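Peer 1: Let me begin by handing over the structure; questions about it come next.
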Amino acid sequence: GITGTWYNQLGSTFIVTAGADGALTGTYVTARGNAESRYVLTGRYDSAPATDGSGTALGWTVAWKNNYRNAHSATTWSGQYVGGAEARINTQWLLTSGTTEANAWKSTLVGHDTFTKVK
Amino acid sequence: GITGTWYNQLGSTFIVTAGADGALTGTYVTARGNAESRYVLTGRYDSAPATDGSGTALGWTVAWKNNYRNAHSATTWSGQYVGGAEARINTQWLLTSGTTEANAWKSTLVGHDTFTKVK
Amino acid sequence: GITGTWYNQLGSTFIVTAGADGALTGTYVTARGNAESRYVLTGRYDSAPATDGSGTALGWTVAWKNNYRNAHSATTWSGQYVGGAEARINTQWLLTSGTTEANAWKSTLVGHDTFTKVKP
Amino acid sequence: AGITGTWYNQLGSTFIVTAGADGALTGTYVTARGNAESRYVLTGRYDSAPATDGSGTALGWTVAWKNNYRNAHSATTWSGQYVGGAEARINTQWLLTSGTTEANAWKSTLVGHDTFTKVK
C-alpha cells in the first residue's frame, strides 16, 4: 500500500518504493516539478504492522542538496500510513538548517503534511 | 567527521557511516546494548556544507522493528553536526506510533537528543 | 476578531476574549462538553499586527485540572489567526505531562489543531 | 511551588514569575539586553495539585513579543515541567510562531528547548 506516488496539499510529490526489509527509497519533487526540483529520500517503515485498524509507522529524510542546488538543510517526516479508500500518509516534520552556534536556537522549523494518492 | 560511533545522553549508541552521495547508513542500539536491541537506520546529510562556521544539516529514521521485537513506531531525528574538538550532533526528534484514527491525535512524541563521540 | 467561540476538528470548543492589552482569557471545553470538561485558559496575542496581509500571532495554555479531575498535564498552542471569509486559527501544540526523571523523555506530545468559528 | 521567583536560561534570558494558588502563572520575561525595551508580559497555568510520587509539575506559559517599545509580530509558548529540590529546574520545549502570509505559513513555526534554573 505505501509504494507509489503521493501528493501533498502544496504541490509536492514523493515517489517511494517500500521494500520488504523495511526500507523506503524514492525521490521527492518540490512544487516546480523541475529536474532541479528533485531530491533523494530514504526512510524506514514498520513492515509487520498491527492488523487491527492501527496505522503503519514510518519516517523519511530529504537532505536539500542535489546536483543543481543546496539549501544546507535537512527535512525529516514522521508519521503513519492509513490505508483503505481514503488512503493517507499523515505526518509531522522537522526542518533543520545548518547554522552557526549563535543562531542554533533558531535552526529548526516544525510543521505537518498530509499526503494522498490523488491530487 | 560524521562517520563513527556516537552516544546520546541516555546510553543509546549511533553507529553511522556517512557516504559520498549524501547517504547515512548504520545501526542504532538502545541502552541495553545486546543483539535484540540493534536497529537499522537510514538517512541523509548535506555533503557540501557552507564554509562559514555553520553546522552540517542531517536527518535519519529508525523503525523500531527488528528480528526480535516490533514496537509499531518510528523515530526521526532532525539536526546538525558541529565539528572541531568536542564534535557534537544536536538533534530534535519525533516518535510516531501506529494508532487507530481515534487515537492519532496522541501518536507523536517530541524531544531532543545530543550526541557526542564520548560515552 | 479573535474574540468569540471557536471549534476544532475533534469536537472541542475554545471560548476566548481578546483584551486590549494583548491578553487572552477564557474557557476550553473538551469534546465531551459537560461541566467536568471545562478548563481555564490564559494566553497572549499581538494586539498590533502588520498590515501587509500577515497573520496575527498568539498562543495560550491550559493546565488539565478543574474541580472534577486532574490529568497532571498541560497543553500550549502556538499559532496565528488569519481573518478573511472563513476565519481560522492555525496552531501547533505541545502537551507536557508530569513525569519522573526516568520517564521525562516521553513527557511531551506534539500535534496541530485548526479552529474555525463554524462547528464541524 | 517552588515556582515563584526568578529563573535564568542559558542564553542570558530571565523570567520572573508568581504562581497563584488557583493555577495562575503571571510575570515578566526579559531577554538578554536587560532594559525596559527588553521586557515582556508572560501569562500561563500550572498544575496546582501535582502528584506526590516524585513526578514533575506540569506547566506552560506564553509570551507575545510586543511591549510598548517594539513589536516582532510573534509569540512563544513554553511547555514543560518544574522539578523541585536543591537543583530545581524547569525543563521545557517551546514553539515560536511568527505572523506570516498564507504563502509562507509552512515556515511560521520554530521549535526548540530551554532549561531554566534558579542560579545564573
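Following the order of the C-alpha cells, chains are lettered A, B, ..., residues in each are numbered from 1, and ligands are numbered from 1.
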Under the rule of at most 10 Å, produce a per-residue listing of chain B near chain D: chain, number, name, the closest pair of atoms, and the distance in Å, as a tab-separated table, using only C-alpha atoms.

Peer 2:
```
residue	atom	partner	partner_atom	distance
B:91	CA	D:112	CA	9.7
B:92	CA	D:112	CA	7.8
B:110	CA	D:93	CA	8.8
B:111	CA	D:93	CA	7.8
B:112	CA	D:113	CA	7.6
```

Peer 1: Just need chain A moved onto chain B: least-squares over all Cα atoms matched in order, then output as a JSON list (two decimals) with N, CA and C atoms, in the first residue's frame.

Peer 2:
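Output contents, as saved in part-v7.json:
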```
[["chain", "number", "residue", "atom", "x", "y", "z"],
["A", 1, "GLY", "N", 33.97, 13.68, 9.07],
["A", 1, "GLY", "CA", 33.65, 13.90, 10.50],
["A", 1, "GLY", "C", 32.44, 13.22, 11.11],
["A", 2, "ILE", "N", 31.39, 12.95, 10.34],
["A", 2, "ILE", "CA", 30.26, 12.20, 10.80],
["A", 2, "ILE", "C", 30.45, 10.69, 11.00],
["A", 3, "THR", "N", 31.15, 9.99, 10.12],
["A", 3, "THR", "CA", 31.27, 8.56, 10.20],
["A", 3, "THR", "C", 31.95, 8.18, 11.52],
["A", 4, "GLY", "N", 31.33, 7.24, 12.20],
["A", 4, "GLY", "CA", 31.85, 6.75, 13.46],
["A", 4, "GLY", "C", 30.78, 6.41, 14.44],
["A", 5, "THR", "N", 31.19, 6.34, 15.69],
["A", 5, "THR", "CA", 30.30, 5.92, 16.76],
["A", 5, "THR", "C", 29.93, 7.15, 17.61],
["A", 6, "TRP", "N", 28.63, 7.38, 17.86],
["A", 6, "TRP", "CA", 28.16, 8.50, 18.67],
["A", 6, "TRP", "C", 27.31, 7.94, 19.81],
["A", 7, "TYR", "N", 27.35, 8.64, 20.94],
["A", 7, "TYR", "CA", 26.73, 8.23, 22.17],
["A", 7, "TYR", "C", 25.81, 9.37, 22.56],
["A", 8, "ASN", "N", 24.61, 9.10, 23.04],
["A", 8, "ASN", "CA", 23.77, 10.17, 23.59],
["A", 8, "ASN", "C", 23.85, 10.07, 25.10],
["A", 9, "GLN", "N", 23.14, 10.97, 25.76],
["A", 9, "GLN", "CA", 23.18, 11.09, 27.20],
["A", 9, "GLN", "C", 22.55, 9.92, 27.93],
["A", 10, "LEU", "N", 21.63, 9.23, 27.26],
["A", 10, "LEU", "CA", 20.88, 8.23, 27.98],
["A", 10, "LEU", "C", 21.35, 6.83, 27.67],
["A", 11, "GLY", "N", 22.53, 6.62, 27.10],
["A", 11, "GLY", "CA", 22.93, 5.23, 27.02],
["A", 11, "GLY", "C", 22.84, 4.58, 25.66],
["A", 12, "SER", "N", 22.31, 5.31, 24.68],
["A", 12, "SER", "CA", 22.16, 4.82, 23.33],
["A", 12, "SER", "C", 23.40, 5.00, 22.51],
["A", 13, "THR", "N", 23.51, 4.26, 21.40],
["A", 13, "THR", "CA", 24.73, 4.35, 20.61],
["A", 13, "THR", "C", 24.34, 4.23, 19.16],
["A", 14, "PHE", "N", 24.97, 4.98, 18.27],
["A", 14, "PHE", "CA", 24.48, 5.02, 16.89],
["A", 14, "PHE", "C", 25.85, 4.86, 16.16],
["A", 15, "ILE", "N", 25.99, 3.90, 15.24],
["A", 15, "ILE", "CA", 27.19, 3.71, 14.45],
["A", 15, "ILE", "C", 26.73, 4.03, 13.01],
["A", 16, "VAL", "N", 27.39, 4.93, 12.31],
["A", 16, "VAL", "CA", 26.90, 5.50, 11.07],
["A", 16, "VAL", "C", 28.10, 5.63, 10.13],
["A", 17, "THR", "N", 27.77, 5.42, 8.87],
["A", 17, "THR", "CA", 28.71, 5.68, 7.80],
["A", 17, "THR", "C", 28.04, 6.75, 6.96],
["A", 18, "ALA", "N", 28.79, 7.79, 6.68],
["A", 18, "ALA", "CA", 28.37, 8.92, 5.83],
["A", 18, "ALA", "C", 28.99, 8.74, 4.46],
["A", 19, "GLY", "N", 28.17, 8.43, 3.50],
["A", 19, "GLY", "CA", 28.71, 8.16, 2.18],
["A", 19, "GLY", "C", 28.89, 9.42, 1.38],
["A", 20, "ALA", "N", 29.76, 9.32, 0.39],
["A", 20, "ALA", "CA", 30.00, 10.49, -0.43],
["A", 20, "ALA", "C", 28.81, 11.09, -1.13],
["A", 21, "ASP", "N", 27.79, 10.29, -1.40],
["A", 21, "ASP", "CA", 26.57, 10.67, -2.10],
["A", 21, "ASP", "C", 25.45, 11.26, -1.21],
["A", 22, "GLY", "N", 25.72, 11.51, 0.07],
["A", 22, "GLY", "CA", 24.73, 12.12, 0.95],
["A", 22, "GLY", "C", 24.02, 11.16, 1.87],
["A", 23, "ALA", "N", 24.35, 9.88, 1.69],
["A", 23, "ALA", "CA", 23.71, 8.84, 2.44],
["A", 23, "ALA", "C", 24.17, 8.62, 3.88],
["A", 24, "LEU", "N", 23.25, 8.34, 4.79],
["A", 24, "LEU", "CA", 23.71, 7.82, 6.09],
["A", 24, "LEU", "C", 23.17, 6.42, 6.21],
["A", 25, "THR", "N", 23.97, 5.45, 6.64],
["A", 25, "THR", "CA", 23.49, 4.12, 6.90],
["A", 25, "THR", "C", 24.28, 3.66, 8.16],
["A", 26, "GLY", "N", 23.65, 2.85, 8.97],
["A", 26, "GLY", "CA", 24.23, 2.33, 10.21],
["A", 26, "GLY", "C", 23.21, 1.60, 11.03],
["A", 27, "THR", "N", 23.53, 1.55, 12.32],
["A", 27, "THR", "CA", 22.73, 0.84, 13.28],
["A", 27, "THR", "C", 22.59, 1.60, 14.56],
["A", 28, "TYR", "N", 21.40, 1.51, 15.15],
["A", 28, "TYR", "CA", 21.24, 2.34, 16.35],
["A", 28, "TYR", "C", 21.01, 1.29, 17.43],
["A", 29, "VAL", "N", 21.73, 1.41, 18.53],
["A", 29, "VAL", "CA", 21.58, 0.44, 19.61],
["A", 29, "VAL", "C", 21.06, 1.05, 20.93],
["A", 30, "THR", "N", 19.96, 0.52, 21.45],
["A", 30, "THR", "CA", 19.34, 1.10, 22.62],
["A", 30, "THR", "C", 20.03, 0.70, 23.92],
["A", 31, "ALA", "N", 19.73, 1.42, 24.98],
["A", 31, "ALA", "CA", 20.51, 1.18, 26.21],
["A", 31, "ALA", "C", 20.92, -0.27, 26.56],
["A", 32, "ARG", "N", 20.13, -1.30, 26.29],
["A", 32, "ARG", "CA", 20.47, -2.67, 26.69],
["A", 32, "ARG", "C", 21.74, -3.23, 26.01],
["A", 33, "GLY", "N", 22.16, -2.66, 24.88],
["A", 33, "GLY", "CA", 23.34, -3.09, 24.15],
["A", 33, "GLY", "C", 23.36, -4.49, 23.55],
["A", 34, "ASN", "N", 22.16, -5.05, 23.54],
["A", 34, "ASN", "CA", 21.75, -6.40, 23.18],
["A", 34, "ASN", "C", 21.62, -6.62, 21.69],
["A", 35, "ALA", "N", 21.79, -7.84, 21.18],
["A", 35, "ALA", "CA", 21.48, -8.05, 19.76],
["A", 35, "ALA", "C", 20.00, -7.77, 19.57],
["A", 36, "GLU", "N", 19.23, -7.94, 20.64],
["A", 36, "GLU", "CA", 17.81, -7.64, 20.53],
["A", 36, "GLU", "C", 17.54, -6.13, 20.53],
["A", 37, "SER", "N", 18.55, -5.31, 20.84],
["A", 37, "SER", "CA", 18.48, -3.88, 21.00],
["A", 37, "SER", "C", 19.08, -3.16, 19.78],
["A", 38, "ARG", "N", 19.38, -3.85, 18.68],
["A", 38, "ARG", "CA", 19.93, -3.20, 17.49],
["A", 38, "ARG", "C", 18.91, -3.03, 16.39],
["A", 39, "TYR", "N", 18.92, -1.83, 15.80],
["A", 39, "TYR", "CA", 17.98, -1.46, 14.76],
["A", 39, "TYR", "C", 18.70, -0.78, 13.60],
["A", 40, "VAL", "N", 18.22, -1.01, 12.38],
["A", 40, "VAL", "CA", 18.77, -0.26, 11.29],
["A", 40, "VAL", "C", 18.32, 1.18, 11.25],
["A", 41, "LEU", "N", 19.24, 1.99, 10.76],
["A", 41, "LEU", "CA", 18.98, 3.41, 10.49],
["A", 41, "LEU", "C", 19.40, 3.73, 9.10],
["A", 42, "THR", "N", 18.75, 4.75, 8.58],
["A", 42, "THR", "CA", 19.00, 5.31, 7.27],
["A", 42, "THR", "C", 18.63, 6.77, 7.36],
["A", 43, "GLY", "N", 19.43, 7.58, 6.68],
["A", 43, "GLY", "CA", 19.29, 9.02, 6.53],
["A", 43, "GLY", "C", 20.03, 9.67, 5.38],
["A", 44, "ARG", "N", 20.04, 10.99, 5.47],
["A", 44, "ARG", "CA", 20.59, 11.91, 4.45],
["A", 44, "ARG", "C", 21.36, 13.07, 5.12],
["A", 45, "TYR", "N", 22.48, 13.57, 4.57],
["A", 45, "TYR", "CA", 23.15, 14.73, 5.12],
["A", 45, "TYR", "C", 23.56, 15.59, 3.92],
["A", 46, "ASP", "N", 23.85, 16.83, 4.28],
["A", 46, "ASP", "CA", 24.36, 17.86, 3.38],
["A", 46, "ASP", "C", 25.82, 17.58, 3.04],
["A", 47, "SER", "N", 26.13, 16.97, 1.92],
["A", 47, "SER", "CA", 27.51, 16.62, 1.59],
["A", 47, "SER", "C", 28.45, 17.71, 1.06],
["A", 48, "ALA", "N", 27.93, 18.93, 0.97],
["A", 48, "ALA", "CA", 28.70, 20.09, 0.61],
["A", 48, "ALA", "C", 28.36, 21.25, 1.54],
["A", 49, "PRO", "N", 28.64, 21.09, 2.83],
["A", 49, "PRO", "CA", 28.23, 22.11, 3.79],
["A", 49, "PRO", "C", 28.96, 23.43, 3.61],
["A", 50, "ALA", "N", 28.39, 24.56, 4.04],
["A", 50, "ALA", "CA", 29.09, 25.83, 4.09],
["A", 50, "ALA", "C", 30.37, 25.63, 4.87],
["A", 51, "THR", "N", 31.43, 26.38, 4.58],
["A", 51, "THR", "CA", 32.63, 26.26, 5.40],
["A", 51, "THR", "C", 32.81, 27.54, 6.21],
["A", 52, "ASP", "N", 31.76, 28.11, 6.77],
["A", 52, "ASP", "CA", 31.92, 29.40, 7.41],
["A", 52, "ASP", "C", 31.56, 29.28, 8.88],
["A", 53, "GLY", "N", 31.77, 28.08, 9.42],
["A", 53, "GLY", "CA", 31.42, 27.75, 10.79],
["A", 53, "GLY", "C", 29.99, 27.30, 11.02],
["A", 54, "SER", "N", 29.20, 27.22, 9.95],
["A", 54, "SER", "CA", 27.83, 26.75, 10.11],
["A", 54, "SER", "C", 27.86, 25.23, 10.25],
["A", 55, "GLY", "N", 26.82, 24.65, 10.82],
["A", 55, "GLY", "CA", 26.72, 23.21, 10.99],
["A", 55, "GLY", "C", 26.33, 22.46, 9.72],
["A", 56, "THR", "N", 26.51, 21.15, 9.70],
["A", 56, "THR", "CA", 26.07, 20.34, 8.57],
["A", 56, "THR", "C", 24.71, 19.71, 8.92],
["A", 57, "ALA", "N", 23.68, 20.14, 8.21],
["A", 57, "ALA", "CA", 22.35, 19.53, 8.25],
["A", 57, "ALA", "C", 22.27, 18.04, 7.91],
["A", 58, "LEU", "N", 21.48, 17.31, 8.69],
["A", 58, "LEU", "CA", 21.26, 15.85, 8.54],
["A", 58, "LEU", "C", 19.94, 15.42, 9.22],
["A", 59, "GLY", "N", 19.37, 14.28, 8.83],
["A", 59, "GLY", "CA", 18.34, 13.60, 9.60],
["A", 59, "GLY", "C", 18.51, 12.10, 9.30],
["A", 60, "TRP", "N", 17.98, 11.31, 10.20],
["A", 60, "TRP", "CA", 17.85, 9.85, 10.04],
["A", 60, "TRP", "C", 16.59, 9.26, 10.63],
["A", 61, "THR", "N", 16.21, 8.04, 10.24],
["A", 61, "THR", "CA", 15.01, 7.35, 10.65],
["A", 61, "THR", "C", 15.44, 5.98, 11.23],
["A", 62, "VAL", "N", 14.84, 5.63, 12.38],
["A", 62, "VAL", "CA", 14.87, 4.25, 12.85],
["A", 62, "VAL", "C", 13.43, 3.68, 12.90],
["A", 63, "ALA", "N", 13.07, 2.58, 12.26],
["A", 63, "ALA", "CA", 11.75, 2.01, 12.56],
["A", 63, "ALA", "C", 12.07, 0.95, 13.64],
["A", 64, "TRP", "N", 11.26, 0.89, 14.70],
["A", 64, "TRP", "CA", 11.62, 0.08, 15.83],
["A", 64, "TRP", "C", 11.09, -1.36, 15.76],
["A", 65, "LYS", "N", 11.44, -1.98, 14.66],
["A", 65, "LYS", "CA", 11.28, -3.39, 14.41],
["A", 65, "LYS", "C", 12.62, -3.97, 14.03],
["A", 66, "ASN", "N", 12.91, -5.10, 14.63],
["A", 66, "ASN", "CA", 14.03, -5.91, 14.16],
["A", 66, "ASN", "C", 13.56, -7.37, 14.17],
["A", 67, "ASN", "N", 14.51, -8.29, 14.07],
["A", 67, "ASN", "CA", 14.10, -9.67, 14.09],
["A", 67, "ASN", "C", 13.47, -10.18, 15.39],
["A", 68, "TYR", "N", 13.72, -9.56, 16.54],
["A", 68, "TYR", "CA", 13.22, -10.00, 17.83],
["A", 68, "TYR", "C", 12.05, -9.22, 18.42],
["A", 69, "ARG", "N", 11.83, -7.98, 17.99],
["A", 69, "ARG", "CA", 10.78, -7.19, 18.60],
["A", 69, "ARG", "C", 10.18, -6.14, 17.69],
["A", 70, "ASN", "N", 8.97, -5.68, 17.95],
["A", 70, "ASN", "CA", 8.41, -4.62, 17.12],
["A", 70, "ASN", "C", 7.56, -3.74, 17.98],
["A", 71, "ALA", "N", 7.86, -2.45, 18.12],
["A", 71, "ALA", "CA", 7.04, -1.56, 18.94],
["A", 71, "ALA", "C", 6.04, -0.78, 18.11],
["A", 72, "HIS", "N", 5.99, -1.12, 16.83],
["A", 72, "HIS", "CA", 5.10, -0.41, 15.96],
["A", 72, "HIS", "C", 5.14, 1.13, 16.00],
["A", 73, "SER", "N", 6.34, 1.64, 15.81],
["A", 73, "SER", "CA", 6.68, 3.04, 15.94],
["A", 73, "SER", "C", 7.98, 3.31, 15.16],
["A", 74, "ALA", "N", 8.15, 4.58, 14.85],
["A", 74, "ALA", "CA", 9.21, 5.07, 13.97],
["A", 74, "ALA", "C", 9.66, 6.37, 14.65],
["A", 75, "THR", "N", 10.96, 6.55, 14.85],
["A", 75, "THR", "CA", 11.62, 7.81, 15.26],
["A", 75, "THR", "C", 12.39, 8.46, 14.14],
["A", 76, "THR", "N", 12.13, 9.74, 13.91],
["A", 76, "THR", "CA", 13.01, 10.54, 13.08],
["A", 76, "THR", "C", 13.79, 11.66, 13.82],
["A", 77, "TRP", "N", 15.11, 11.69, 13.66],
["A", 77, "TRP", "CA", 16.00, 12.78, 14.10],
["A", 77, "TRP", "C", 16.37, 13.77, 13.02],
["A", 78, "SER", "N", 16.21, 15.04, 13.36],
["A", 78, "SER", "CA", 16.54, 16.18, 12.54],
["A", 78, "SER", "C", 17.49, 17.08, 13.25],
["A", 79, "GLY", "N", 18.56, 17.46, 12.61],
["A", 79, "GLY", "CA", 19.58, 18.22, 13.32],
["A", 79, "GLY", "C", 20.82, 18.62, 12.57],
["A", 80, "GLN", "N", 21.92, 18.88, 13.28],
["A", 80, "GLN", "CA", 23.09, 19.35, 12.63],
["A", 80, "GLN", "C", 24.32, 18.85, 13.36],
["A", 81, "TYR", "N", 25.29, 18.53, 12.52],
["A", 81, "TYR", "CA", 26.63, 18.13, 12.99],
["A", 81, "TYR", "C", 27.48, 19.37, 13.22],
["A", 82, "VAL", "N", 28.18, 19.38, 14.34],
["A", 82, "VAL", "CA", 29.08, 20.47, 14.69],
["A", 82, "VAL", "C", 30.42, 19.86, 15.00],
["A", 83, "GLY", "N", 31.35, 20.27, 14.15],
["A", 83, "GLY", "CA", 32.69, 19.74, 14.23],
["A", 83, "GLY", "C", 33.63, 20.42, 15.18],
["A", 84, "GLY", "N", 34.83, 19.85, 15.24],
["A", 84, "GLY", "CA", 35.89, 20.42, 16.05],
["A", 84, "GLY", "C", 36.28, 19.61, 17.27],
["A", 85, "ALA", "N", 36.95, 20.27, 18.21],
["A", 85, "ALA", "CA", 37.24, 19.58, 19.46],
["A", 85, "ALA", "C", 35.96, 19.24, 20.24],
["A", 86, "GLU", "N", 34.97, 20.12, 20.33],
["A", 86, "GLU", "CA", 33.74, 19.74, 21.04],
["A", 86, "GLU", "C", 32.72, 19.06, 20.13],
["A", 87, "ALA", "N", 33.11, 18.06, 19.33],
["A", 87, "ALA", "CA", 32.21, 17.59, 18.25],
["A", 87, "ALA", "C", 30.89, 17.03, 18.75],
["A", 88, "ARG", "N", 29.79, 17.47, 18.15],
["A", 88, "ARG", "CA", 28.43, 17.16, 18.61],
["A", 88, "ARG", "C", 27.44, 17.04, 17.43],
["A", 89, "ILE", "N", 26.44, 16.18, 17.59],
["A", 89, "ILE", "CA", 25.28, 16.13, 16.72],
["A", 89, "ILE", "C", 24.13, 16.63, 17.58],
["A", 90, "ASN", "N", 23.58, 17.78, 17.21],
["A", 90, "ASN", "CA", 22.50, 18.29, 18.01],
["A", 90, "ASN", "C", 21.20, 17.98, 17.23],
["A", 91, "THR", "N", 20.24, 17.35, 17.93],
["A", 91, "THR", "CA", 18.99, 16.95, 17.25],
["A", 91, "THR", "C", 17.71, 17.27, 17.97],
["A", 92, "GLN", "N", 16.67, 17.29, 17.16],
["A", 92, "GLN", "CA", 15.32, 17.19, 17.71],
["A", 92, "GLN", "C", 14.70, 15.97, 17.03],
["A", 93, "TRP", "N", 13.82, 15.29, 17.71],
["A", 93, "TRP", "CA", 13.18, 14.06, 17.16],
["A", 93, "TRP", "C", 11.69, 14.05, 17.40],
["A", 94, "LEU", "N", 11.05, 13.27, 16.54],
["A", 94, "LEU", "CA", 9.65, 12.99, 16.55],
["A", 94, "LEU", "C", 9.48, 11.46, 16.52],
["A", 95, "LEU", "N", 8.76, 10.91, 17.48],
["A", 95, "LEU", "CA", 8.42, 9.49, 17.60],
["A", 95, "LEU", "C", 6.92, 9.28, 17.36],
["A", 96, "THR", "N", 6.64, 8.64, 16.22],
["A", 96, "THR", "CA", 5.28, 8.28, 15.84],
["A", 96, "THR", "C", 4.98, 6.78, 16.00],
["A", 97, "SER", "N", 3.94, 6.55, 16.79],
["A", 97, "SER", "CA", 3.32, 5.23, 17.00],
["A", 97, "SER", "C", 2.16, 5.03, 16.03],
["A", 98, "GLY", "N", 2.01, 3.79, 15.57],
["A", 98, "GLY", "CA", 0.82, 3.42, 14.81],
["A", 98, "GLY", "C", -0.32, 3.39, 15.81],
["A", 99, "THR", "N", -1.37, 4.14, 15.52],
["A", 99, "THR", "CA", -2.57, 4.15, 16.31],
["A", 99, "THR", "C", -3.83, 3.99, 15.42],
["A", 100, "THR", "N", -4.95, 3.82, 16.13],
["A", 100, "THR", "CA", -6.26, 3.88, 15.46],
["A", 100, "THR", "C", -6.55, 5.35, 15.23],
["A", 101, "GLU", "N", -7.56, 5.56, 14.41],
["A", 101, "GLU", "CA", -7.89, 6.92, 14.00],
["A", 101, "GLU", "C", -8.31, 7.79, 15.17],
["A", 102, "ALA", "N", -8.85, 7.17, 16.20],
["A", 102, "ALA", "CA", -9.39, 7.93, 17.32],
["A", 102, "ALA", "C", -8.29, 8.45, 18.25],
["A", 103, "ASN", "N", -7.23, 7.65, 18.30],
["A", 103, "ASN", "CA", -6.05, 7.97, 19.08],
["A", 103, "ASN", "C", -4.98, 8.70, 18.28],
["A", 104, "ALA", "N", -5.28, 9.10, 17.06],
["A", 104, "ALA", "CA", -4.27, 9.66, 16.19],
["A", 104, "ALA", "C", -3.75, 10.98, 16.73],
["A", 105, "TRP", "N", -4.64, 11.65, 17.43],
["A", 105, "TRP", "CA", -4.32, 12.90, 18.11],
["A", 105, "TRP", "C", -3.11, 12.76, 19.04],
["A", 106, "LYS", "N", -2.92, 11.60, 19.68],
["A", 106, "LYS", "CA", -1.76, 11.35, 20.55],
["A", 106, "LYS", "C", -0.73, 10.36, 20.03],
["A", 107, "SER", "N", -0.55, 10.37, 18.73],
["A", 107, "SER", "CA", 0.43, 9.48, 18.12],
["A", 107, "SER", "C", 1.92, 9.86, 18.24],
["A", 108, "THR", "N", 2.28, 11.13, 18.40],
["A", 108, "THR", "CA", 3.65, 11.57, 18.23],
["A", 108, "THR", "C", 4.22, 12.39, 19.40],
["A", 109, "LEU", "N", 5.28, 11.84, 19.95],
["A", 109, "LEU", "CA", 6.17, 12.48, 20.93],
["A", 109, "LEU", "C", 7.28, 13.25, 20.28],
["A", 110, "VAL", "N", 7.70, 14.31, 20.97],
["A", 110, "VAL", "CA", 8.74, 15.14, 20.46],
["A", 110, "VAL", "C", 9.72, 15.32, 21.60],
["A", 111, "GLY", "N", 10.97, 15.25, 21.22],
["A", 111, "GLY", "CA", 12.11, 15.52, 22.12],
["A", 111, "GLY", "C", 13.34, 16.04, 21.44],
["A", 112, "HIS", "N", 14.43, 16.02, 22.20],
["A", 112, "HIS", "CA", 15.75, 16.41, 21.73],
["A", 112, "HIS", "C", 16.82, 15.52, 22.28],
["A", 113, "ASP", "N", 17.94, 15.39, 21.58],
["A", 113, "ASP", "CA", 19.06, 14.55, 21.95],
["A", 113, "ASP", "C", 20.32, 15.18, 21.39],
["A", 114, "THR", "N", 21.37, 15.13, 22.20],
["A", 114, "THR", "CA", 22.71, 15.54, 21.82],
["A", 114, "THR", "C", 23.58, 14.32, 21.82],
["A", 115, "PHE", "N", 24.28, 14.16, 20.69],
["A", 115, "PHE", "CA", 25.21, 13.05, 20.56],
["A", 115, "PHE", "C", 26.65, 13.58, 20.58],
["A", 116, "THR", "N", 27.57, 12.83, 21.19],
["A", 116, "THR", "CA", 29.01, 13.14, 21.25],
["A", 116, "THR", "C", 29.85, 11.93, 20.88],
["A", 117, "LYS", "N", 31.14, 12.15, 20.63],
["A", 117, "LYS", "CA", 32.03, 11.08, 20.19],
["A", 117, "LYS", "C", 32.64, 10.34, 21.40],
["A", 118, "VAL", "N", 32.42, 10.86, 22.59],
["A", 118, "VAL", "CA", 32.74, 10.04, 23.73],
["A", 118, "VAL", "C", 31.60, 10.00, 24.73],
["A", 119, "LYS", "N", 31.61, 8.97, 25.55],
["A", 119, "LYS", "CA", 30.60, 8.92, 26.60],
["A", 119, "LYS", "C", 31.16, 9.46, 27.91]]
```

Peer 1: Contacts from chain C to chain A, 9 Å maximum, only C-alpha atoms: show me the residue list as a list in words.

Peer 2: residues 92, 110, 111 and 112 of chain C

Peer 1: Looking at only C-alpha atoms, which of C:69, C:64, C:85, C:113 is the one that sits closest to chain D?

Peer 2: C:64

Peer 1: I'd like to know which residues of chain D are strand (DSSP E or B) (by DSSP, run on the backbone); could you write them as number ranges by chain?

Peer 2: D: 5-8, 14-19, 24-30, 39-46, 57-66, 71-83, 89-98, 109-117

Peer 1: Where does chain D meet chain C within 9 Å, residue by residue, with the nearest atom pair and distance in Å to one decimal for each, counting only C-alpha atoms, listed by chain and rising number, as CSV?

Peer 2:
```
residue,atom,partner,partner_atom,distance
D:23,CA,C:63,CA,7.8
D:24,CA,C:42,CA,8.5
D:41,CA,C:44,CA,8.5
D:42,CA,C:44,CA,7.7
D:43,CA,C:43,CA,5.8
D:44,CA,C:61,CA,5.8
D:45,CA,C:63,CA,5.6
D:46,CA,C:63,CA,5.6
D:47,CA,C:63,CA,6.0
D:48,CA,C:65,CA,8.0
D:49,CA,C:70,CA,8.0
D:50,CA,C:72,CA,6.1
D:51,CA,C:72,CA,7.3
D:53,CA,C:100,CA,8.1
D:54,CA,C:100,CA,6.2
D:55,CA,C:100,CA,4.4
D:56,CA,C:98,CA,4.6
D:57,CA,C:98,CA,5.3
D:58,CA,C:98,CA,5.0
D:59,CA,C:74,CA,5.6
D:60,CA,C:61,CA,6.0
D:61,CA,C:61,CA,6.2
D:62,CA,C:43,CA,5.8
D:63,CA,C:44,CA,6.2
D:64,CA,C:44,CA,5.6
D:65,CA,C:46,CA,7.5
D:66,CA,C:46,CA,6.7
D:71,CA,C:48,CA,7.9
D:72,CA,C:46,CA,8.7
D:73,CA,C:46,CA,6.1
D:74,CA,C:57,CA,5.1
D:75,CA,C:58,CA,5.6
D:76,CA,C:78,CA,6.8
D:77,CA,C:78,CA,6.1
D:78,CA,C:76,CA,7.1
D:79,CA,C:96,CA,6.1
D:80,CA,C:96,CA,5.7
D:81,CA,C:98,CA,6.3
D:82,CA,C:98,CA,8.6
D:83,CA,C:101,CA,8.7
D:92,CA,C:96,CA,8.7
D:93,CA,C:94,CA,7.8
D:94,CA,C:94,CA,7.9
D:95,CA,C:78,CA,6.2
D:96,CA,C:78,CA,6.8
D:97,CA,C:79,CA,5.8
D:98,CA,C:57,CA,5.9
D:99,CA,C:55,CA,4.6
D:100,CA,C:54,CA,4.3
D:101,CA,C:54,CA,4.3
D:102,CA,C:54,CA,7.4
D:105,CA,C:55,CA,8.8
D:108,CA,C:79,CA,8.6
D:109,CA,C:79,CA,8.0
```

Peer 1: Can you tell me, as a PDB file with C-alpha atoms, in the first residue's frame, which residues in chain A count as helix (DSSP H, G or I) by DSSP?

Peer 2:
```
ATOM      1  CA  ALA A  35      14.897  18.254 -12.684  1.00  0.00           C
ATOM      2  CA  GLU A  36      16.361  20.933 -10.472  1.00  0.00           C
ATOM      3  CA  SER A  37      13.485  20.262  -8.003  1.00  0.00           C
ATOM      4  CA  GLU A 101      26.362  28.256  17.121  1.00  0.00           C
ATOM      5  CA  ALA A 102      24.789  31.597  17.956  1.00  0.00           C
ATOM      6  CA  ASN A 103      21.834  31.033  15.664  1.00  0.00           C
ATOM      7  CA  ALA A 104      21.415  27.412  16.697  1.00  0.00           C
ATOM      8  CA  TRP A 105      18.459  28.396  18.810  1.00  0.00           C
ATOM      9  CA  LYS A 106      16.521  29.103  15.550  1.00  0.00           C
TER      10      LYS A 106
END
```
